[PDB]
Amino acid sequence: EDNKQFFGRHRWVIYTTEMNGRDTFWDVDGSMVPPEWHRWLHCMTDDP
Amino acid sequence: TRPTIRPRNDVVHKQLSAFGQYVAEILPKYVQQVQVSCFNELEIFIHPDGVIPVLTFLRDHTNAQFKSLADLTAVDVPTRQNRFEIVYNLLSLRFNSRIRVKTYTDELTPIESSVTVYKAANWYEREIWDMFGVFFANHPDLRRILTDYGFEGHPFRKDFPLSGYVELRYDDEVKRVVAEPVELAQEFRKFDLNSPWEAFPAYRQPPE
Amino acid sequence: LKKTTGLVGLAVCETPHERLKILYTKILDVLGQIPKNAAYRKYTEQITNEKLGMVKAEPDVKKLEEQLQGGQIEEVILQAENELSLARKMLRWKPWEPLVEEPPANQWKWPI
Amino acid sequence: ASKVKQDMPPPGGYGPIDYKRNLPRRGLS
Amino acid sequence: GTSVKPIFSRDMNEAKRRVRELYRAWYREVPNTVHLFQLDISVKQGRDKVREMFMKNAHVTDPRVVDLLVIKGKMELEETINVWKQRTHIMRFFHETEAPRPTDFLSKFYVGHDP
Amino acid sequence: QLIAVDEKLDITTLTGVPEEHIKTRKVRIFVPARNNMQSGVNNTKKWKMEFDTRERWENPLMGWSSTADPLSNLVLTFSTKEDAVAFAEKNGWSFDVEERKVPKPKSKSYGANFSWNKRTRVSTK
Amino acid sequence: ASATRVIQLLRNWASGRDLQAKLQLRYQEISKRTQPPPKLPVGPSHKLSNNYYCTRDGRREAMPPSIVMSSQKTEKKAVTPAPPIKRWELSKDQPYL
Amino acid sequence: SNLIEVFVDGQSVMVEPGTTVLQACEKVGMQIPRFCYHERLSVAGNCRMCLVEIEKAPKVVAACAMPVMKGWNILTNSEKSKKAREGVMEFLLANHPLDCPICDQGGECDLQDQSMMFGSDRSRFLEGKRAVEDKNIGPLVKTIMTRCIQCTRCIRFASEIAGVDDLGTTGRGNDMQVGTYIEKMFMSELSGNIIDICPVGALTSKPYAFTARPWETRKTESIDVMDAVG
Amino acid sequence: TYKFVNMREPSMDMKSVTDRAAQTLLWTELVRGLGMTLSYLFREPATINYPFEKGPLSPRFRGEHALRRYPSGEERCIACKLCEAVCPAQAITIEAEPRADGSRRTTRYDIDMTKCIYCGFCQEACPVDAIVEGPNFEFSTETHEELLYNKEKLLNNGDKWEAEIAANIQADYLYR
Amino acid sequence: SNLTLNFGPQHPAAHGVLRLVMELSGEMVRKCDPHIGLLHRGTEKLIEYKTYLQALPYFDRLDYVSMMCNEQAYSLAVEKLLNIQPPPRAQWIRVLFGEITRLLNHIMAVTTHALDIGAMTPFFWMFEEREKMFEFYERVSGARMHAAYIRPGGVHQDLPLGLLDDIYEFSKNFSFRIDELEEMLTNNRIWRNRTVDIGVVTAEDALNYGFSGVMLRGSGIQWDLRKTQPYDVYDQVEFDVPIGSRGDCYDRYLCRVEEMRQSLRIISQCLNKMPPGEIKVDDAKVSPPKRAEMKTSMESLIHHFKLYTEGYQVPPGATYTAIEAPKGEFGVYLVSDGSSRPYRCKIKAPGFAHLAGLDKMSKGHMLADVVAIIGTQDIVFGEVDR
Ligand code: SF4
Ligand code: SF4
Ligand code: SF4
Ligand code: SF4
Ligand code: FES
Ligand SMILES: [Mg+2]
């Protein structure tokens, strides 16, 4: 997180390079965030 | 009675009743009935032959200048001998008022087109013909407006099924879109929601 | 004296008093051909006589405009023309005659 | 027995909101 | 009596005259339709299809119903002339992708519960 | 003005209904019976017109219920039996009509629960 | 924002206004994504005593429309549906734009 | 003949002597709310829902059990009648369980419909409700006796129509329960009908349990073939 | 009250006429438009770096449907069929029967995600918080059949998203 | 013989799915014949087959650019038929979100029209503001555009605890965005050449043809339904009605910009005057009870059950209720027969009359002039086709 940036660019995720079974160095997608970090990352809450 | 009930307005009720009596006196040849609903809306039930005169009067008389045609639609009531009920809604900007005109027709009796009185009716009447099958006599250009090309039947009819009779799909053998009898994967489920107990005693009908 | 009446396609009328008098006199002459028992004739004769009397008694255009409640005196002239045309049409239609036909037994009965 | 909490404007009022057109001159003769 | 009012024709004869006018118009238009829509049918096929559609409701004895049918026929003809219809709309008169439903009792009994 | 047509009314050619659903359908005109689970009689006031039931099958995926006829949900409401008969006749459908079943008036008496010599006396309250 | 002051001056001169006063991007003046719980008052008819429903039943006071001039069944000044609408006034705030 | 003239909301009707207020009212199309009155069962008069006001009479009368007298003007929509219906409905719902989602009487409940039509829309009951144990009367009729409103319809049906006297009431006051008082199966050739007459989900069909909601079902009128009565 | 928008005339003094002629011959307003565009060029763009950043949402957001459980593990749904009756699209199909232990439970709970309008009426009608619209919105499929949810899929969705669904309900149940 | 061309459905300036058959001599337009019904989904029959609550979602969809206004018009009709009245806070919320919806619709109408005229940049600048207003919609309801927030008894839920402050923050800055739009468009000579004296309609013809909204106000007619027939709380707010003088595209564009400014004024007034209280009518036989009472009270559970299964009954009667939607007079003629499902629901959309009058509006003009005239009428085809 970086609160100095404007709303929408103050929270981001660097995805892992290897999920359950597939290599994810290049082909990342927004469905890999688990529900708790999904709630935090979408600005649904102020607490991680 | 105060917080949740819509408040009544007696002055507008009296004004609308007086104007309805005025109109009915002026045109006794066509006006069959006058009503003022309790939310202050004025309705005039006329004979089908008086569509052009009455409207013209209501558009041109100095005391009644309804220069705007807000809406024109039909209502289908199968149990009546004259099936369709044509409704005209007019707005008067000079007197800041609204009036409604009602008439009736059946499947085969034509009704005079009011394009000479209101240009706005030009499409509206077309829509009626498209969805109810009411023919307007002297319409300059009367044809389907909303339904598909070569569409049989009039959908806004109580006997017309909700999903129609034909459905479309692309057939590769003929390399075009074809129409075939309708076949739903899941049938529309009909719900019987009406309560067996009377809700409003004020609208009870005599049991003959 | 006044430009740009405000409405598009409506032309500012010079000498509006004479035009209004001519139109009201023509309306009265047309109404003279309608049977006296017809309610339309009496009602519109009363309103036309009132408007003509108010036109005759006010030389100022603004004061007449305020008294008429007609909304931009050019619109009053247009309304007079509309009423004259309607009077001719109603003379042709003869709507003071009794009701042409009575509706069926349950034509207007709602609900169902 | 707690107080009633609801979305309300702050006591007093909100600051003024400008809506009129603001087109400066910004030019020479 | 019956206090009925006509649409266009007072009697049966005027209705038949309008029907014949509509038939002439459709018969004339068929070749131009075949050329413009690039149909794979012959002119004879289109003309006998027109004849079949006309004969489909040849049992009508009410002049008002005949007048309304002629009005709908004029609507369809005007749609076809102005190329508002497409090739699919024109070919929907032929039912080229529909299996022929049997009409005898035994085949209907074999197929399903629908009479 | 008045052509004085002397023909029976018939609009089957104007309604856009395929002839399969005109010559083969059988409509039913009736006043619906009261739902025996309730005592309210407000659903037994108006006549209704419905169509015969056709085949419903199980659709291979999800096991939903599929149908192939378009008039399976069509229910029309009429004030009188004559109106429904006229509608069915002018629409070309063949109909069957059942007369209204009005419950006959009863003879209720509270005192009969305590009869001196008659069997109507109740043994409990 | 975080723009260089020279770029800020360039933007202000190019647009002609002071963009630093009003920015389209939102930074920290918006409400927090987590808020305290509310309390949400009840309403007028939550009384226990003088609250019989038949005295506050809006649906049951609707009645069928008044019938005047049924066809089946002196001065007499002419009337209008309503008094004529009044002329609008010319916006003491800003009459001409 | 011997008919007497009575008035329903000021409308004149002629009725046979011995006709109750409920039947005189229903002769004009008005259906009085009811819970314990069934026209094929003997009059009970206990649910107290059918109370109506007679003009110039200070006390409301039970329309199901009071014969009309000559000249009476029944006021079925007066303020007093509406207040009586609201009070009775509130008393009926005071101890009823919040079971509508799990009750098989969902869209067919006379209690629900008459609460929606003649009752109030809120509760001022801040106490704790009662609960009673369930009875077992066989493999056909499933009993959840907390939903009972003690209308004694099943008891009268069993006594008069079915002809067996197995059903009754034990206890009194609030602690009055409809049952058999012993582990006995209410078995009869007409045993199922007590499911229909019961206005609430106290008695329900056990084979039908939880399978459907009434608004979903399509109803088709047919003829029984299981015997020769048709 | 009303105002005019195009009812002003220009002054015809020589200074104003010369200014208008200079505007015509030198394109002053075109330069002003170019300057406005140039000013927008040097601002920070409002673009977020999806998928590494996400647009804001709220606890009331309606996404993919889910079926919830009690803390004991029992399903909340009791087959009251209120959601099916309230669905404006007729997207819910329910079949129920008594369970082996006598509970009132569904044997079929189907939602057609291609008929559904995602209005949230179903979770409003539910009396036990059984059916909810979750927060997920990234559930695109490569085939139509994958969007026809049965009971197992919805229960798996509930098990997968409960940790956030419960928090979202806890943050908004006081407004309902 | 004139060349015949198909304008739309798959065209950039067709504004969706509109098929226009035009007869051109050169690039002169001899006659325009609009063909509609490519987005006709039979909404009214489907509404006939639903309950009054179940039919509410359809209304947002009729005009998908100003969704909240459509629900309000429908809600007003159902409330009038029910003879009930929403609480003051519900009405103030309704008017506030109606003004926000008007802002959304005007931004969409002005920017798309400019885009068709070829001015690409303004559309990009204002859709960020549209995104913020979508955020407001989603926060208050949970859906970005199809909220279904405004119900026939009030609103569905109360506002979240930090919404009015954010609305104030957005409103205090929207004026500069409007000013940038006006800088790029108003005084540009190319824009004036493209829009001035194009599609001129006279006042009498506009009245007779059924025009409403800006298409009336652009010709000098002093008419606005929020001033002459106010509905919710519009008699308690102050604003000005922009009036044109020429009746061309330029006057209507200026009127729409001034309408955005006046709606900012109304939004400020609504923010300062929001009252406390409940959000739906305190009548459990029309509006559902709270979830806390449905789970503790027997009457509340019964009423929740019957409202969400059968729905509330509406006394028999017919009404025509019209509101001043951003595109013009939006009306509904609702016919009830005492059931819980509407008997008839006719929807009047101003786009119908405007598109009908397009042919008269494009007399003696070019092809690009016809594109401009289509842009200036503020046409969305969901409400046109229904
Ligand atoms: S008996 Fe009726 S009121 Fe009682 S729980 Fe069952 S459905 Fe609800
Ligand atoms: S079980 Fe049913 S029928 Fe028997 S007394 Fe109770 S409510 Fe009445
Ligand atoms: S969200 Fe709406 S459409 Fe979708 S399943 Fe729930 S009720 Fe049905
Ligand atoms: S999900 Fe909820 S509303 Fe739907 S059947 Fe289950 S318990 Fe009832
Ligand atoms: S029905 Fe009369 S007291 Fe029960
Ligand atoms: Mg029972």
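Residues numbered from 1 in each chain as written, not as in the entry; some residues may be left out. Chains lettered and ligands numbered in written order. Part of a larger assembly, values for the part shown. Heavy atoms only, no water. Residues with missing side-chain atoms left out of burial classes, pairs and counts.

Labelled according to the PDB entry, chain H appears under the name NADH-ubiquinone oxidoreductase 75 kDa subunit, mitochondrial, originating from Sus scrofa.

The PDB entry annotates chain C as Complex I subunit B13 of Sus scrofa.

(A) Here's a closer look at the overall build of chain H. Broken down by element type, chain H carries 5 helices and 9 strands. The helix and strand sequence of chain H, counted from the amino end, reads β-β-α-β-β-β-α-α-β-α-β-β-α-β. Taking 17 Å as the expected radius of gyration for a compact globule of 230 residues, we find that chain H reaches 19 Å, a close match to that expectation. Overall size of chain H, expressed as C-alpha extent along the three principal axes, is 55 × 50 × 40 Å. In chain H, buried positions account for 55% of the 230 residues. Counted over contacts in chain H with a minimum sequence separation of 6, partners at least 24 positions apart contribute 64%. Seen as two clouds, the 26 positive and the 30 negative side-chain charges of chain H have centres 5 Å apart. (Helix = DSSP H or I, 4+ residues; strand = E, 2+ residues; numbered from the N terminus. Rg over C-alpha atoms; globule rule 2.2 N^0.38 Å. Buried < 20%, exposed > 50% of the residue type's maximum accessible area, 1.4 Å probe, protein only. Contact = heavy atoms within 4.5 Å. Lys, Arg positive; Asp, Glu negative; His and termini not counted. Charge placed at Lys NZ, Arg CZ, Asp CG, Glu CD.)

(B) Fine view of the nonpolar core. Within the largest apolar cluster, 146 residues are counted, with the highest numbers of intra-cluster contacts made by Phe57(B), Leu58(B), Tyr88(B) and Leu90(B). The residues touching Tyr88(B), leaving out its near neighbours within four places in the chain, are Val51(B), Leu55(B), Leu69(B), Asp71(B), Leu72(B), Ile99(B), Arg100(B), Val101(B), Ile111(B), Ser114(B) and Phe136(B). Ranked by size, the runner-up nonpolar core spans 93 residues in total, among them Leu81(J), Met133(J), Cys255(J) and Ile323(J). (Core = buried A, V, L, I, M, F, W, Y, C linked by side-chain atoms within 4.5 Å.)

(C) Quick look at the coordination of the magnesium ion (ligand 6). Every protein donor of the magnesium ion (ligand 6) is listed here as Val200(H) (O) and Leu203(H) (O), and their distances to the metal cover 2.6 Å. Looking at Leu203(H), the relative accessible area reads 5%, which means it is buried. (Donors = N, O, S within 2.8 Å, 3.2 Å for Na, K, Ca; no water.)

(D) Summary view of the site of ligand 3. Taken together, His65(I), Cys87(I), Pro88(I), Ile92(I), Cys116(I), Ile117(I), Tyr118(I), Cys119(I), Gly120(I), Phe121(I), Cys122(I) and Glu133(I) make up all the residues around ligand 3. Partitioned by chemical class, the residues of the shell around ligand 3 number 9 nonpolar, 2 polar and 1 charged. (Near = heavy atom within 4 Å. Nonpolar A, V, L, I, M, F, W, Y, C, P; charged D, E, K, R; others polar.)

(E) Just unusual backbone geometry, in detail. Going from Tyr50(I) to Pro51(I), the amide bond is cis rather than trans, its omega being 5°. If you trace the backbone, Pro51(I) turns up in the loop between α2 (28-41) and β2 (65-67). With an omega of -15°, the peptide bond between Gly8(J) and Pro9(J) qualifies as cis. Residue placement: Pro9(J) occurs in the loop between β1 (3-7) and β2 (19-24). In this model, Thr2(E) sits at a positive phi of 75°, which is unusual for a non-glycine residue. In this structure, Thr2(E) sits in the segment before α1 (12-36). Overall, the relative accessible area of 55% leaves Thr2(E) in the exposed class. Of note in this structure, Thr152(H) is not a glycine but carries a positive phi near 60°. Mapped onto the elements of the fold, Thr152(H) is located in the loop between β6 (141-143) and α4 (153-162).

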